[PDB]
Structures are given as structure tokens and as C-alpha cells.
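Colleague: Protein chains in written order, with the deposited numbering: chain C, 176 to 602; chain G, 1 to 119; chain H, 1 to 119; chain E, 1 to 119; chain F, 1 to 119.
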Amino acid sequence: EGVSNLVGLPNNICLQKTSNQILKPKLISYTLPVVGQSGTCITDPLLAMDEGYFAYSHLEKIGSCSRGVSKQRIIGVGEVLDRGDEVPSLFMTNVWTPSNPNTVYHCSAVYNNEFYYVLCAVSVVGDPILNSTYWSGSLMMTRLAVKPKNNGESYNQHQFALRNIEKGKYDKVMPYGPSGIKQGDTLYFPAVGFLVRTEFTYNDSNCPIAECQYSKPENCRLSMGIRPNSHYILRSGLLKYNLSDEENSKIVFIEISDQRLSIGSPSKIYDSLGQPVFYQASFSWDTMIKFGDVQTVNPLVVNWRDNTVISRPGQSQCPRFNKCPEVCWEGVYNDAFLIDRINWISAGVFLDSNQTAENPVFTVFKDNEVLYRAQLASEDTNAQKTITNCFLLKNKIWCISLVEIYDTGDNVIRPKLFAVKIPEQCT
Amino acid sequence: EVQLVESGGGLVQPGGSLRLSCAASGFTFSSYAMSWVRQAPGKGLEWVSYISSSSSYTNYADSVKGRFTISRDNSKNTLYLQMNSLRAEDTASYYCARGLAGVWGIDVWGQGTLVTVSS
Amino acid sequence: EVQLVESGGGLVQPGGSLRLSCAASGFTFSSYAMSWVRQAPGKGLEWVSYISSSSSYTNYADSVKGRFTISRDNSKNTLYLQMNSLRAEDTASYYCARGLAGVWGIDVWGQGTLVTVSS
Amino acid sequence: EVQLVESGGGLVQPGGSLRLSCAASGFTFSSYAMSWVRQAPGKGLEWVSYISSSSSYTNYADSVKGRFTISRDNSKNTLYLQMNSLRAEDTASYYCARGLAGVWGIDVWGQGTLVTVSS
Amino acid sequence: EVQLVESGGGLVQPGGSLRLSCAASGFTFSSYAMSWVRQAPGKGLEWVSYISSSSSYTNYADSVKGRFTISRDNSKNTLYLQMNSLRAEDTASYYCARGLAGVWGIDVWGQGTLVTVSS
Ligand SMILES: *[C@@H]1O[C@H](CO)[C@@H](O[C@@H]2O[C@H](CO)[C@@H](O[C@@H]3O[C@H](CO[C@H]4O[C@H](CO[C@H]5O[C@H](CO)[C@@H](O)[C@H](O)[C@@H]5O)[C@@H](O)[C@H](O)[C@@H]4O)[C@@H](O)[C@H](O[C@H]4O[C@H](CO)[C@@H](O)[C@H](O)[C@@H]4O)[C@@H]3O)[C@H](O)[C@H]2NC(C)=O)[C@H](O)[C@H]1NC(C)=O
Ligand SMILES: *[C@@H]1O[C@H](CO)[C@@H](O[C@@H]2O[C@H](CO)[C@@H](O[C@@H]3O[C@H](CO[C@H]4O[C@H](CO)[C@@H](O)[C@H](O)[C@@H]4O)[C@@H](O)[C@H](O[C@H]4O[C@H](CO)[C@@H](O)[C@H](O)[C@@H]4O)[C@@H]3O)[C@H](O)[C@H]2NC(C)=O)[C@H](O)[C@H]1NC(C)=O
Ligand SMILES: *[C@@H]1O[C@H](CO)[C@@H](O[C@@H]2O[C@H](CO)[C@@H](O[C@@H]3O[C@H](CO[C@H]4O[C@H](CO[C@H]5O[C@H](CO)[C@@H](O)[C@H](O)[C@@H]5O)[C@@H](O)[C@H](O)[C@@H]4O)[C@@H](O)[C@H](O)[C@@H]3O)[C@H](O)[C@H]2NC(C)=O)[C@H](O)[C@H]1NC(C)=O
Ligand SMILES: *[C@@H]1O[C@H](CO)[C@@H](O[C@@H]2O[C@H](CO)[C@@H](O[C@@H]3O[C@H](CO[C@H]4O[C@H](CO)[C@@H](O)[C@H](O)[C@@H]4O)[C@@H](O)[C@H](O)[C@@H]3O)[C@H](O)[C@H]2NC(C)=O)[C@H](O)[C@H]1NC(C)=O
Ligand SMILES: *[C@@H]1O[C@H](CO)[C@@H](O[C@@H]2O[C@H](CO)[C@@H](O[C@@H]3O[C@H](CO[C@H]4O[C@H](CO)[C@@H](O)[C@H](O)[C@@H]4O)[C@@H](O)[C@H](O)[C@@H]3O)[C@H](O)[C@H]2NC(C)=O)[C@H](O)[C@H]1NC(C)=O
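#1: Taking C-alpha atoms, which residue in C:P441, C:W573, C:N586 lies nearest to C282 of chain C?
#2: If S85 of chain F and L114 of chain F are in contact, beta carbons under 8 Å, what's the gap, nearest whole angstrom?
#3: Measure the alpha-carbon distance for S31 of chain H versus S54 of chain H and round it to whole angstroms.
#4: Just tell me which of G:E46, G:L100, G:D73 has its CA closest to the CA of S63 of chain G.
#5: Evaluate the contact criterion for the stretch 239 to 251 of chain C versus the stretch 269 to 289 of chain C: three or more CB pairs, one atom per stretch, below 8 Å.
#6: Quick one: what does DSSP say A88 of chain E is sitting in, helix, strand or coil?
#7: List the whole-angstrom C-beta distance separating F68 of chain E from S52 of chain E, where the pair is believed to meet the contact cut-off of C-beta under 8 Å.
#8: Quick check on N482 of chain C: buried or exposed, where buried means 16 or more other Cβ atoms within 10 Å of its Cβ?
#9: Please look up how many angstroms separate the CB atoms of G99 of chain E and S35 of chain E, rounded, as I've assumed it's under 8 Å.
#10: Using 6 Å as the cut-off, classify the Cβ of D420 of chain C as near or not near the heavy atoms of ligand 3, replying yes or no.
#11: Rounded to whole angstroms, what's the CA-CA distance from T361 of chain C to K322 of chain C? Just pull it up for me.
#12: For the stretch 62 to 94 of chain H, list every residue whose C-beta sits within 7 Å of some C-beta in chain C, in sequence order.
#13: At 3 residues or longer, and completely inside the stretch 324 to 405 of chain C: list those beta strand (DSSP E) runs for me, N to C.
#14: If you reduce the DSSP assignment to three classes, tell me which class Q39 of chain E lands in.
#15: Could you pull out every residue in the same chain whose Cβ sits closer than 7 Å to the Cβ of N543 of chain C, ignoring the five residues on either side in sequence?
#16: How many whole angstroms separate the CB atoms of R87 of chain H and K76 of chain E, which I take to be in contact at a CB cut-off of 8 Å?
#17: Is the beta carbon of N378 of chain C within less than 6 Å of some heavy atom of ligand 2?
#18: State buried or exposed for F453 of chain C, treating a residue as buried only when at least 16 other CB atoms are found within 10 Å of its CB.
#19: Between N417 of chain C and ligand 3, is the CB less than 6 Å from at least one heavy atom?
#20: By how many angstroms is the C-alpha of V5 of chain E removed from the C-alpha of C22 of chain E?
#21: Check whether the stretch 369 to 385 of chain C and the stretch 350 to 357 of chain C are in contact - that is, three or more C-beta pairs closer than 8 Å.
#22: With burial defined as no fewer than 16 other Cβ atoms inside 10 Å of the residue's Cβ, what is the status of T556 of chain C: buried or exposed?
#23: In angstroms with no decimal places, state the Cα-to-Cα distance between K65 of chain H and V2 of chain H.
#24: Taking Cβ positions, are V469 of chain C and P451 of chain C nearer each other than 7 Å?
#25: Taking 6 Å as the cut-off, does the CB of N529 of chain C come closer than this to any heavy atom belonging to ligand 5?
#26: May I ask whether a heavy atom of ligand 4 can be found less than 6 Å away from the beta carbon of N195 of chain C?
#27: Let me check you understand the geometry: is the CB of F525 of chain C closer than 6 Å to at least one non-hydrogen atom of ligand 5?
#28: Quick check: is any heavy atom of ligand 3 less than 6 Å from the C-beta of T308 of chain C?
#29: Which residues share a DSSP beta bridge with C493 of chain C?
#30: For the stretch 201 to 227 of chain C, list every residue whose C-beta sits within 8 Å of some C-beta in chain G, in sequence order.
#31: DSSP three-state label for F68 of chain E, please.
#32: Which residues, in chain order, does the stretch 544 to 574 of chain C contribute to contact with chain G at a C-beta distance below 8 Å?
#33: For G110 of chain G, which residues of its own chain have a beta-carbon under 8 Å away from its beta-carbon, when the five flanking residues on both sides are left out?
#34: Can you find the residues in the same chain that come closer than 7 Å, C-beta to C-beta, to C96 of chain F, ignoring five residues on each side of it along the sequence?
#35: Kindly examine ligand 4 and report whether one of its heavy atoms sits closer than 6 Å to the Cβ of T116 of chain H.
#36: Tell me the DSSP bridge mates of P590 of chain C?
Put into C-alpha cells, the structure is as follows:
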């Protein structure tokens with residue numbers, strides 16, 4: 176008995192499309208009363224899970240939830256055990272908070288032997304994805320153990336800043352994503368690359384504007400950056416960190432392939448059922464979900480899954496279900512964790528809206544059809560970012576998903592974590 | 001259903017010595033984590049003391065590193081806290097849960113216990 | 001759509017102390033009127049407590065003039081009622097609305113809360 | 001001003017069981033004496049049941065020595081009387097006061113309560 | 001098999017008056033000893049009364065020397081206890097047995113009776 180990841184052979188799960196709601200959403204984020212209300216706001220979440228250990232990060236803003244200030248950034252790890260009879264939850268054991276809250280942005284977590292590295296970005300100009308034209312480029316990786324001891328001083332918290340970067344053609348690197356993977360003694364972190372627009376090599380004739388009359392050909396080139404007249408085009412990739420040497424911090428940014436090349440978005444790679452599975456958000460011309468498995472670990476090449484039923488909403492410019500090139504940098508992060516490989520069954524909390532961001536619904540889809548859905552809230556509660564992770568509880572698959580919802584008696588976007596169990600028996 | 005019964009006292013002179021208690025029932029207390037969490041009207045969560053299952057690890061905050069020390073009495077399910085050398089900045093309602101500070105907590109906060117240090 | 005969610009306690013020993021609550025959403029609570037209305041099975045409306053917008057006027061009935069006192073929590077939309085020293089004649093379902101007694105009420109009574117005072 | 005609110009009705013079958021109640025307000029009920037006094041049309045005063053402040057002494061009349069037993073409810077100001085095994089000679093109006101029988105009385109008899117035992 | 005049936009009740013105002021009863025069957029009650037034993041959650045045995053067979057000797061504790069007096073009803077097997085002028089320190093579960101305080105007791109404590117004195 177034990178809380179492990181997707182390994183071996185789990186129990187048989189539902190393989191048919193049923194309207195009968197057989198999903199049981201269970202809340203494990205019971206908060207205390209918020210007597211003494213104010214302009215609080217919780218954003219920038221993070222949820223990683225591996226071998227029974229989790230992590231969390233958040234930036235509490237007092238005022239507006241976007242253009243606010245920084246007061247505290249609680250970054251902590253813990254263990255994953257059960258509440259009662261077949262009720263798993265997340266038990267936090269260690270908590271770390273930086274001195275100055277308005278320095279840390281865009282963290283990335285990873286698992287290790289008996290530690291939990293948190294690779295964050297350091298900036299003195301604010302949001303690096305908004306003022307990258309003056310960002311230095313320094314990166315900081317915080318190591319937090321999942322089991323502290325008495326009077327260690329070197330075993331509980333490890334504030335480490337990296338020195339060398341192997342940037343070949345990119346001008347700057349930054350950890351961009353919830354979590355990565357590892358192979359023995361080689362940590363990988365999701366990231367995005369900063370490359371000059373005038374130094375981009377992309378012929379403007381491979382753009383899918385053939386069956387897109389209401390789309391200009393240069394929309395592919397104009398969509399690779401945050402703005403048309405910008406100075407940097409984002410590029411997805413991964414950061415390599417070989418901790419088996421410890422002689423010099425190495426930062427190697429391995430860029431992604433050219434197949435369905437989109438703008439930089441929060442990516443998430445995880446080892447599901449042995450093979451590494453990669454995810455990439457859609458903040459570009461492509462509005463559908465970017466899913467697939469990885470065959471070459473170090474040379475990242477992801478076989479994209481052509482799902483036509485799972486997408487994300489947006490603004491009027493680029494709404495949901497849009498498959499033509501358009502200049503637009505918008506969307507919402509909604510990932511999914513792989514629960515089966517023989518049938519390629521995925522599971523994640525995806526929003527169901529055309530041009531709005533409400534009604535967070537957990538949906539299960541194999542490749543081109545939804546099997547069974549279940550609403551985690553009402554059809555009016557807003558939601559921006561969702562993080563989905565699945566594991567096992569001693570005989571069966573369990574999934575915990577962090578979904579920022581709008582609580583009634585809190586008046587603040589609260590990252591409520593819902594614990595959902597993959598149904599073995601269905602109608 | 002997990003029931004948390006907070007206890008203790010309040011209305012003490014600045015610099016006194018109080019002992020807060022919190023018993024529980026349901027989940028097996030022989031191997032689990034307990035933590036005292038306080039919150040003042042206007043502020044949010046504020047962790048003070050943490051202890052493991054086997055009483056092998058005891059963590060404290062920067063402001064209460066030497067004020068009180070949390071103990072464990074696994075034989076009789078409870079949670080003691082011998083608050084010593086408190087000030088006016090410690091006037092808040094204390095709560096016991098199964099998470100250090102976090103935003104976590106896997107059980108409804110039953111009643112709590114208010115501690116007033118003034119005059 | 002205005003939603004009135006009644007709450008509170010019931011099935012208590014006569015002479016105890018109950019605290020009925022009623023939260024609301026929608027209309028601006030910072031400036032409006034709230035009133036507790038009860039009705040026993042067989043009888044009609046019976047007003048007990050009234051609260052003003054700025055908490056400047058609090059009216060009570062002849063039978064509950066000194067039983068309980070209504071309060072106001074304009075910061076967080078709610079409606080408390082600290083019922084103290086109740087008798088067997090207070091066994092009824094309490095409701096919250098936007099009228100003192102009247103025959104008025106511009107919102108459907110959602111659920112209510114039954115208070116049983118017997119044995 | 002002392003107000004005595006008598007309650008309880010009549011119109012019961014011969015040999016039934018009625019329960020008369022009488023609440024009060026004003027004077028401190030925790031330490032005083034209460035007594036039921038009845039009077040039929042044509043006759044005068046007729047004491048039936050007496051009780052002390054600490055419920056240590058309970059006196060009754062020769063005709064109602066085993067009919068009913070007076071109790072005390074010092075928590076909630078009232079005066080119960082579980083009338084049991086009544087006859088046709090008990091058709092009268094009952095009253096509550098602060099004197100056993102006497103000719104005394106320290107408050108105007110407010111309303112009283114008539115009990116009819118016939119047919 | 002000796003069966004001890006405790007009775008009574010709690011939840012009374014501070015300074016009230018309660019009457020605890022405990023009947024028994026089996027052993028001959030006309031010549032034996034009875035004693036009330038209470039225990040609060042957290043503490044151990046604490047005797048409050050004692051009485052002989054012929055009601056010739058009645059022992060009490062230093063804290064309840066003038067609170068209540070134990071009686072005997074050898075005609076009808078029972079054990080009364082007219083608790084008077086109780087305080088908040090008397091909130092405990094009372095028991096009836098065949099030993100003053102001791103560590104003795106030749107019968108399984110059946111149900112007991114909890115008495116609560118608060119608010
Ligand atoms: C993206 O990043 C870039 C670079 O990382 C950011 O550009 C930087 O902006 C800051 C401004 O925040 C520049 O710093 C200095 O700001 C000074 C402002 O002084 C006060 O400004 C506020 C207003 O109060 C004053 O108002 C008037 C203004 O004249 C006064 O008369 C009045 O008395 C008040 O005092 C105050 O609230 C505040 O507290 C400051 O005290 C400037 O004075 C300063 O100018 C110097 O530098 C100039 C060159 O840039 C030079 O020509 C001047 O002569 C002078 O020496 C400077 O602007 C950073 O310098 C600037 N960086 C760069 C590289 O230019 C950008 O803001 C950021 N954008 C986003 C969206 O994040
Ligand atoms: C970036 O992307 C652009 C667009 O795809 C590429 O430019 C196109 O290249 C293709 C070749 O693969 C062109 O297709 C054909 O080009 C012929 C060129 O003629 C000469 O070709 C060689 C030199 O390369 C000479 O040796 C030879 O003798 C010829 O003189 C045209 O003749 C063809 O014309 C046919 O199509 C047109 C319609 O386009 C008809 O009107 C004609 O009648 C005929 O049927 C044909 O066009 C294509 O034209 C190029 N397009 C443009 C806009 O230039 C770039 O090469 C690519 N660059 C990189 C670095 O990848
Ligand atoms: C992260 O960083 C770590 C280092 O910190 C990397 O780990 C290194 O991986 C390389 C892989 O190439 C290891 O190199 C190995 O060295 C072996 C030497 O051991 C013994 O070799 C002789 C045996 O005969 C060999 O002859 C040839 C030589 O090529 C081989 O082909 C044969 O198969 C025989 O094995 C002995 O005589 C000698 O005395 C040595 O004892 C060698 O045998 C391996 O073939 C290989 O070249 C290197 O040792 C690793 N370093 C550590 C510290 O473990 C890791 O890969 C990095 N991760 C990345 C890049 O993702
Ligand atoms: C959606 O899928 C659900 C999958 O769990 C369906 O629930 C299952 O529905 C079937 C059909 O009704 C049940 O099978 C029957 O259950 C009854 C009742 O079981 C109870 O029995 C005793 C009371 O006698 C009670 O103590 C138990 O705890 C059970 O709750 C049995 O009497 C029958 O013999 C037969 O087994 C399943 O039991 C039920 N699943 C569970 C886990 O209960 C649901 O019906 C589907 N909904 C729709 C609309 O299709
Ligand atoms: C959410 O997004 C969905 C996808 O973007 C929306 O579905 C789309 O809705 C639009 C509505 O303008 C459709 O666009 C047009 O549909 C009408 C069809 O009506 C006429 O159909 C025939 C002609 O084919 C005509 O004879 C009839 O009399 C009708 O008048 C036509 O004008 C065009 O064919 C054009 O397609 C999309 O087709 C439709 N897409 C899909 C995939 O269904 C959905 O409406 C959105 N919902 C909300 C609430 O915003």
C-alpha cells in the first residue's frame with residue numbers, strides 16, 4: 176500500500192461515453208472564515224505531484240487581482256497521504272517565503288531523490304513576459320526537502336542561484352511551467368525562449384492560410400510574438416540541469432520542434448505510464464489543445480494530438496474553436512494528465528465557454544470525443560487557470576486538480592483543489 | 001466526521017503564560033501531523049508551531065521561535081501549547097489543523113479559541 | 001435574482017440561547033432594511049426584530065422587547081439574531097426579508113429556518 | 001408595575017388532566033413565593049397549592065392533597081400546575097399571587113383563568 | 001447479575017437544585033452501603049456522599065459538606081441525592097456503587113449520569 180504515480184497496471188476504467196455523472200468531486204481545500212474582508216487576491220498558482228509529494232506557490236495581491244502589489248509568496252512542499260477511508264489529500268510539511276515578495280515570478284518545480292527543487296525567475300523590472308527588454312536574466316532554484324530534520328540548516332532550505340547558461344541563439348531563458356521531468360540525475364524544467372524577431376528563420380509560405388480566406392499569410396509570423404511591432408518572439412522549450420556534477424550550474428535550453436510551432440505558453444511535461452507526456456498551452460493562432468507523448472527525452476519532439484473537441488476560450492479576436500492564423504496573444508491555461516495509454520485517455524479541468532471564462536467543468540476525453548463530464552461549480556463562477564494531476568491510491572487512479580474558482584462568501588478568486596476519482600464502473 | 005475541539009484560555013496580562021489545548025477524534029492520532037494556526041482580525045493565516053507524528057521534528061516561526069514549544073501526547077489525543085512570554089501582537093484566535101500554514105486544511109474548523117493579551 | 005439563505009439553530013432546551021443567521025447576495029446591503037419574521041403553524045406573520053441601514057434605529061415587538069437584539073454586519077452581508085431567554089411560544093419558522101411586518105416582500109422566501117423550542 | 005399573565009383553559013371531562021400556567025415579570029423570581037388561588041361564583045377565596053422559593057416546601061389543601069402537585073421553574077419565570085383527577089367541585093377561576101390564602105395580595109389580579117369541569 | 005440504573009440529568013443554571021436518583025436490584029438493599037462517586041473528564045475518582053445500612057451514619061466530602069445530603073429509601077430500592085447550591089466545579093458524571101471512594105466496586109458501572117453546570 177502506498178501513494179505512487181501511474182505505474183504498473185491500474186484497474187479498468189470507464190471506456191464508454193455516458194451522460195450519467197459517475198464522477199465524485201471531493202474538496203480537500205476547506206478554508207477558514209474570511210471575517211475581516213479586504214482587497215485580497217490569490218494568483219500565480221503552482222501544483223506538481225510526483226511519487227507522493229506535492230508543492231504549491233501563490234502570490235497574494237492586496238487590491239486588483241492583475242495590476243496589484245506583492246505581500247507574500249508562500250512556496251512549500253509536503254507529502255501526500257489519506258484523510259480517511261479512501262480519501263487522499265495533500266499534507267504540507269515545509270514552507271518557504273522569500274524576503275521581498277515582488278522579486279519572484281514564474282517558478283518551476285521538479286522532483287528528486289529526497290528533495291524538491293523550485294526553479295524561479297529573478298527580475299527587478301516586474302513581469303518578465305512584459306518588460307523583457309531590460310531583464311537581466313538571472314535564475315534562482317530553491318531546493319526544499321520533503322522531510323526536514325532538527326538543526327540541519329543545510330537540509331531543509333537551500334537558496335541557490337544558477338551562474339552559467341548555455342543559450343545558443345536565444346537572448347534570455349526563464350522557467351515557464353508548473354513542473355518538469357527527471358531521468359536519474361538530470362532535471363528538466365519547462366521554459367520559454369526569447370529570440371530576436373529579425374533573427375527568425377521562417378518562410379511565410381508554410382502558414383495554414385490555405386483554407387483560411389479571413390486570415391492574412393503573415394499572421395503566423397505576427398503571432399509568434401506578444402505584439403506585431405515587438406522586439407522578441409517567444410519560443411517554447413525545456414531547461415536541462417545535470418545535478419550529478421555540481422561543479423558548475425548548467426542551464427541548457429533545448430528548443431521545441433517546428434511541428435505546429437506556436438507562441439510561448441506555460442508548458443508541462445510529466446512521466447505518465449513510463450513514457451514522458453508533454454503539454455503546451457494555446458496562447459496563439461491554434462486554439463485547440465496541444466497534447467502528445469514524448470519519444471526523445473533530451474531532443475524534445477512531441478507527437479501532437481489532433482483533438483477537435485477540447486479547446487480553451489478567449490476574447491472576441493480569437494474565441495474558442497478557431498483554427499486559422501490570427502494576431503492574438505490570449506487564452507487560459509488548462510492542462511490534462513494522462514490516465515491510460517492503450518486507449519490514450521486523458522483527464523483535465525477544461526472551461527466550457529465561447530468568449531467567457533466561467534463554468535469550470537472536469538471532462539474526460541480519449542481523442543475526439545468527451546466520455547463523461549462533471550461540473551466542479553455552478554455555471555457562473557469564473558476560472559482562469561487550472562492544474563490537473565493524477566496519481567494512484569494503492570489499487571486505483573486518483574486525480575487532484577487545482578481550480579481557481581470564485582467563492583461565494585469570500586469575494587476573492589480562491590484556488591480550490593478538487594479530488595476526483597477515475598470511475599472504474601460506469602453506466 | 002472529524003471533530004476538532006479547541007480549548008485553552010484568554011484575557012491574560014502582557015507577558016503571562018497560557019496553555020492552549022485542542023483534542024480530536026476520528027482519524028488515527030498515532031501517526032499524523034498537528035499544527036497551531038492563528039489569525040488576527042484584519043490579517044490572514046499565521047503559523048506558530050508544528051510537530052511531526054513521532055515528535056522528531058518541531059518547527060516554529062521567526063516571531064515565536066522562543067515563545068512556546070509544541071508537544072505531543074499521542075497516548076491521550078490532544079494538542080497542548082504552553083504559550084510563554086506573549087505580547088500584544090499575539091492577540092488572535094488560534095486553530096488546530098493538519099497543515100503547517102499552507103492554504104490547506106482537510107476538516108471544517110469547528111470552534112477555535114480566542115486569546116486576548118491586552119491591559 | 002435575489003437569493004435569501006436562512007440559517008441558525010433549533011431543537012434546543014427552552015431558556016437557552018440560539019443565534020439565527022441569514023446571508024444575502026445581489027442587492028447592495030450597505031443601505032437597506034432587514035427584518036426577522038416568524039410564523040407558527042396555524043398562525044400568520046409575526047415580526048420580532050428590525051434593523052435600519054446605518055444601524056441607527058432598532059425596533060422590537062411587545063413580546064420580544066427584551067428577549068433578543070438584532071445587529072448588522074454591513075461589511076459582510078449577513079443578518080444575525082442572538083435569541084436569548086426564549087419560551088415555548090417561540091416555536092416557529094423564522095424568515096428574513098425587506099419589510100418590517102407588512103404584507104410586503106419583494107423576494108421569494110427561499111428556505112427559512114425552523115426553531116423548535118420544546119421539552 | 002407587576003404584570004401577571006394567567007393561562008390555561010377549562011371545558012374538560014370529569015376526571016381529566018389539565019395543566020395551568022402563569023408567567024410573571026418585574027420582581028425577581030429567583031427568591032419569592034407563589035400560590036394558586038381559586039374562587040367559584042358564589043364563594044370566596046380557596047387556596048390549593050403552595051411552594052417556597054428554593055422548592056423545599058410544598059403545601060396543599062385537604063381537598064386537593066393528592067389531586068395536583070405544584071412545581072417551580074425559577075429558570076424561566078412561570079408557574080405550572082398539573083391538575084390531575086379533578087371533579088365537578090373544581091369549576092372555578094384560578095389565580096396566581098404571592099400569598100398562600102390570606103386576604104392579602106401585592107398586585108392587581110390581571111385576567112385570571114377559568115376552568116370548567118362539567119358534562 | 002447486579003444491575004445499577006442511574007438517573008437524573010444535567011444542564012442546569014449555576015446555583016440551581018438537582019435531584020439525582022439511582023435504583024438497583026438483586027442484592028438485598030435493606031442492609032448494605034451506598035455512595036455517590038463522581039469523576040470529571042481529566043480527573044479521577046472523587047466521592048461526595050456516604051450512608052450506612054440503617055441510615056445512622058452519613059459522610060460527605062470537604063467540598064460538598066453542606067451542598068447536598070444523601071438519603072435512603074430501604075422500603076423502595078432507590079438512592080436519592082438532593083443537590084443544592086452547585087457551582088461550575090461540579091460538572092461531572094456521578095455514579096452509585098458499594099464503596100465510599102476506594103478503588104473498589106464489585107459491579108460493572110452501567111450507564112452513569114452526567115451533570116452539567118454551565119451558562
Ligand atoms: C520597463 O522597464 C524599464 C527599464 O527597466 C522601465 O523604465 C524605467 O522607468 C523608471 C521610472 O519608474 C526610471 O527611473 C527614473 O524615474 C525617475 C522618476 O522620478 C520620480 O517619478 C515619480 C513622479 O514623481 C515626480 O514627478 C515629476 C517628474 O518630473 C517630478 O518633477 C516631481 O518632483 C516628482 O518627484 C515619483 O513618484 C518617483 O518616486 C520618482 O521619485 C526619473 O526622474 C528618472 O529620470 C532619470 O533618468 C533619465 C534616463 O532614463 C534621465 O534622462 C533623467 O535626466 C534622470 O536622470 C528615471 O526615469 C528608469 O530610468 C527607467 N529605465 C530606463 C532604462 O529608462 C519601465 O518603466 C518599465 N515599464 C513597465 C511597464 O514596467
Ligand atoms: C520560401 O517560400 C516561397 C514560396 O513557396 C518559395 O518560392 C517558391 O519556390 C517554388 C519552387 O519550389 C516556385 O515554384 C516554381 O518556381 C519556378 C521557378 O522558375 C525557375 O526555377 C529555377 C530556379 O529556381 C530555374 O532554374 C528554372 O529554369 C525556372 O526559370 C516557376 O517557373 C514555377 O512557375 C509555375 O507556377 C506559376 C504559378 O506560381 C505559373 O504561373 C507558371 O506558369 C508555372 O506553372 C513555379 O512557380 C514558386 O514560384 C516560388 N514562389 C515565389 C513567390 O517565389 C521560396 O523558394 C522559399 N524559400 C526558402 C528559402 O525556402
Ligand atoms: C550528467 O553528468 C554525468 C556526469 O556527472 C554523466 O554521467 C557520465 O556519463 C558518461 C557516459 O558516456 C560516463 O562515461 C562512461 O565512462 C565509463 C568509464 O568507466 C570504466 O571504463 C573502462 C571500461 O572499458 C570501457 O571501454 C569503452 C570506453 O568508451 C566502453 O565503450 C566500454 O563499454 C567499456 O565500458 C574501465 O577500464 C575504466 O577504468 C572505467 O572504470 C565507460 O566505460 C562508459 O562507456 C562511459 O564512457 C561517465 O562515467 C558518467 N559520469 C559519472 C560521474 O557517472 C551523465 O551522462 C550526464 N547526463 C546527461 C548528459 O544527460
Ligand atoms: C449512474 O451510475 C451509478 C454507478 O454507481 C449508478 O449507481 C448504481 O445504480 C445501480 C442501479 O440502481 C445500483 O444497483 C442496485 O442498487 C440497489 C441499492 O443498493 C443499496 O442497497 C442497500 C439498501 O438495500 C444499501 O444499504 C446499499 O448501500 C446500496 O446503496 C440494490 O438493492 C440492487 O440490488 C442493485 O445492486 C448500484 O448499487 C448503484 N451504485 C452504487 C455505488 O450504489 C446510478 O444508478 C447511475 N444513474 C443513472 C441515472 O443511470
Ligand atoms: C459558440 O461558438 C460556436 C462555434 O463558433 C457557435 O456555432 C456557430 O454559430 C454561428 C452563428 O452565426 C454559425 O455561423 C453561421 O451559421 C448560419 C446557419 O444558420 C443558417 O443556416 C442556413 C445556411 O447554411 C440557412 O439556410 C438557415 O436559414 C439559417 O439561417 C449561417 O449563416 C452560416 O452557415 C454560418 O456558418 C456557425 O456555423 C456555428 N458553428 C458550428 C460549428 O455550429 C455558437 O453559436 C456559439 N454560441 C454562442 C452562445 O456564442
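Ideal Cβ placement from N, Cα and C applies to all residues, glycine included.
Modeller: Reading off the structure:
#1: With distances taken between Cα atoms, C282 of chain C lies closest to C:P441.
#2: The distance from the Cβ of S85 of chain F to that of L114 of chain F is about 19 Å, inconsistent with a contact at the 8 Å cut-off.
#3: The C-alpha of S31 of chain H lies about 7 Å from the C-alpha of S54 of chain H.
#4: Ranking G:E46, G:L100, G:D73 by CA distance to the CA of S63 of chain G puts G:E46 first.
#5: Contact between the stretch 239 to 251 of chain C and the stretch 269 to 289 of chain C is present, because at least three Cβ pairs lie under 8 Å.
#6: DSSP places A88 of chain E in helix when its eight states are reduced to three.
#7: Not a contact, Cβ separation roughly 17 Å.
#8: By the neighbour-count criterion, in which 16 or more other beta carbons inside 10 Å mark a residue as buried, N482 of chain C falls on the buried side.
#9: Taking the Cβ atoms as the reference, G99 of chain E lies roughly 6 Å from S35 of chain E, within the contact range of under 8 Å.
#10: Within the chosen limit of 6 Å, ligand 3 reaches the beta carbon of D420 of chain C through at least one heavy atom.
#11: Approximately 22 Å, taken between the alpha carbons.
#12: If the cut-off is 7 Å between Cβ atoms, the stretch 62 to 94 of chain H has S75, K76 near chain C.
#13: If you keep only unbroken beta strand (DSSP E) runs of at least 3 residues inside the stretch 324 to 405 of chain C, you get 332 to 336, 347 to 350, 362 to 370.
#14: DSSP places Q39 of chain E in strand when its eight states are reduced to three.
#15: Within the same chain, and ignoring the five residues on either side of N543 of chain C in sequence, the residues whose Cβ sits closer than 7 Å to its Cβ are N482, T483, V484.
#16: Contact flag correct, Cβ pair sits at about 6 Å.
#17: Short note on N378 of chain C: C-beta closer than 6 Å to some heavy atom of ligand 2.
#18: That one is buried.
#19: Yes, the beta carbon of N417 of chain C sits closer than 6 Å to at least one heavy atom of ligand 3.
#20: Their backbone Cα atoms lie some 6 Å apart in a straight line.
#21: No, because fewer than three Cβ pairs between the stretch 369 to 385 of chain C and the stretch 350 to 357 of chain C fall closer than 8 Å, the two stretches do not touch.
#22: The residue is buried, with at least 16 neighbouring Cβ atoms inside 10 Å.
#23: Roughly 30 Å separates the two Cα atoms.
#24: Closer than 7 Å, so yes.
#25: Ligand 5 approaches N529 of chain C closely enough that one of its heavy atoms is under 6 Å from the residue's Cβ.
#26: The answer is yes for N195 of chain C.
#27: No.
#28: With a threshold of 6 Å, the Cβ atom of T308 of chain C does not count as near ligand 3, since no heavy atom of the ligand is closer than that.
#29: Bridge partners of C493 of chain C: none, in fact.
#30: Answer set for the stretch 201 to 227 of chain C: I203, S204, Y205, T206, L207, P208, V210, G211, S213, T215, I217.
#31: The three-state reading of DSSP puts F68 of chain E in coil, since its state is none of H, G, I, E or B.
#32: Taking 8 Å as the Cβ-Cβ cut-off, the stretch 544 to 574 of chain C has no residue approaching chain G.
#33: Excluding residues within five positions, the ones whose Cβ falls inside 8 Å are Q3, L4, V5, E6.
#34: Around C96 of chain F: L4, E6, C22, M34, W36, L79.
#35: Relative to the non-hydrogen atoms of ligand 4, the Cβ of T116 of chain H never comes closer than 6 Å to any of them.
#36: C:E579, per the DSSP bridge assignment.
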